[PDB]
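Chemist: An experimental structure, sequence included, is below.
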Amino acid sequence: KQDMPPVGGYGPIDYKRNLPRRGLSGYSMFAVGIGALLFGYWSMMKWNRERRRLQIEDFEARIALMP
Amino acid sequence: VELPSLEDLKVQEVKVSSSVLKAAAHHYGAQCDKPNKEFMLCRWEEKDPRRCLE
């Protein structure tokens, strides 16, 4: 008399197949790429030109002496 | 050829280190200006730094 089949309690689990967790698509990408890229170029011309100012300063001490 | 004697040598060389020589290095020549450019003509325009020693 002690056999298995239970009265209730069932799901089931799915046979489904989906995980569309997107994801900033469709022209939202290529937008964070370009602006941060020119931001790095914007970081230039305030350092290389600044080091160029120090570069003439470095060559200044050479020319002032040597007579 | 000829070379001048051991005299007109052994004058007071500025016995300083290179860092303290490059320390000021900017106010030094910026206000003297009388013998140096004349010494440049004495060396650049006229060669043979043996007429040019004084």
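Modeler: Sure thing, it's come through. Residues are numbered from 1 along each chain as shown, chains lettered A, B, ... in the order given.

Chemist: quick one: residue A:22 from residue A:29, how far?
Modeler: 11 Å (CB to CB, to the nearest Å). All C-beta atoms are positioned from the backbone trio N, CA, C, and that covers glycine.

Chemist: quick one: which of these two has more around it?
Modeler: Between residue A:22 and residue A:29, residue A:29 has the larger neighbour count (other CB atoms under 10 Å in any protein chain shown), namely 10 against 7.

Chemist: any idea which helix or strand carries the closest residue to chain A within chain B?
Modeler: Closest approach between chain B and chain A, counting by CB to the nearest CB: residue B:36, at 3.9 Å. Residue B:36 is located in helix B:35-40, with elements delineated by DSSP states H and E.

Chemist: Can you tell me what sits against that helix?
Modeler: A:67, B:29, B:52 (CB atoms under 8 Å, 6 or more residues apart in numbering or on different chains).

Chemist: next one: stretch A:37-45
Modeler: Residues contacting stretch A:37-45 (CB under 8 Å, 6+ apart): none.

Chemist: Output it as PDB - backbone C-alpha positions only.
Modeler: The C-alpha trace of stretch A:37-45 is given here as PDB (Å, rounded to 0.1, in the frame of the first residue of the first chain):
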ATOM      1  CA  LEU A  37      38.300  59.300 -27.400                       C
ATOM      2  CA  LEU A  38      38.300  63.000 -28.100                       C
ATOM      3  CA  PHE A  39      38.400  63.600 -24.400                       C
ATOM      4  CA  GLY A  40      41.800  62.000 -24.400                       C
ATOM      5  CA  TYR A  41      42.800  64.200 -27.300                       C
ATOM      6  CA  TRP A  42      41.400  67.100 -25.300                       C
ATOM      7  CA  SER A  43      43.800  66.100 -22.500                       C
ATOM      8  CA  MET A  44      46.500  66.700 -25.100                       C
ATOM      9  CA  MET A  45      47.500  70.200 -26.100                       C
END
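
Chemist: Since that was my last question, I'll sign off now.
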